[PDB]
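Let's start with one chain on its own, the form deposited in one PDB entry, as structure tokens.
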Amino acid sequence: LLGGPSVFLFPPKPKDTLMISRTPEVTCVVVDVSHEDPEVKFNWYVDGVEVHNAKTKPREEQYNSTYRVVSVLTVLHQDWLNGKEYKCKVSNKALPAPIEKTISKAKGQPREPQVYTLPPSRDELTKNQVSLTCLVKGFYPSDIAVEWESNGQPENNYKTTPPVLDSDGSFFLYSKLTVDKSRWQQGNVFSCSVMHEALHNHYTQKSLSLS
């Protein structure tokens, strides 16, 4: 059947690179591997230097009669943050040439996010739920983790915008936590948690409660 494999290379999750105890991975995924010749070879390189510790998963047969193969390379936190490049080379006999993809952290000088919490608009207080907002602005690169909590337990009902390119070339985002107004008006404290490589200890919190 007619057409060739495709390769997708996926970065570590932002929170994985930023905590020593978690385990950051770069994932190389090959799809549309021939049903007939499904042998694939992965070579990995860190800054053009070949490495041998990835773990390639057994091939998965798909219902559209192709295979999908995935190799996971576990990376050192410091490496990814120090901007190394991760190259996946995929070879297969049905392929006139190997397919190479590279991924690294975005280029540029990191910048520290500014975290501001904003209470509910006056007008929202007629409603039974209100929006507590966290503005995180001025950061670089865009790889960031945002979450909300109260009383040491995370909150269940928030949404976070993707990062947006600002005019000075830094990124911003907003996270919206929705809570029942009684909780806001009872005076409970909510906190917006931000992890970004350019924070001290890779972490910062801002709290928000009614006067």
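In this text, residue numbers run from 1 along the sequence as written. In this text, the rigid core denotes the largest set of C-alpha atoms whose superposition between the two forms falls within 1.5 Å.
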{"item": "Chain-relative CA temperature factor third for residue 166", "value": "middle"}
{"item": "Residue 156 - Cα temperature factor, lowest/middle/highest third of chain", "value": "highest"}
{"item": "Residue 56, C-alpha B-factor rank within chain (lowest, middle or highest third)", "value": "highest"}
{"item": "Where the record places residue 199 (Cα B-factor, split into thirds across the chain)", "value": "lowest"}
{"item": "Entry-reported Cα temperature factor of residue 84, expressed as the chain third it lands in", "value": "lowest"}
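The discussion below concerns the form deposited in another entry, not included here.
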{"query": "Entry of 27, 142, 160, 66 that shows, once the rigid core is matched between this form and the one not shown, a C-alpha shift of 2 Å or more", "finding": "66"}
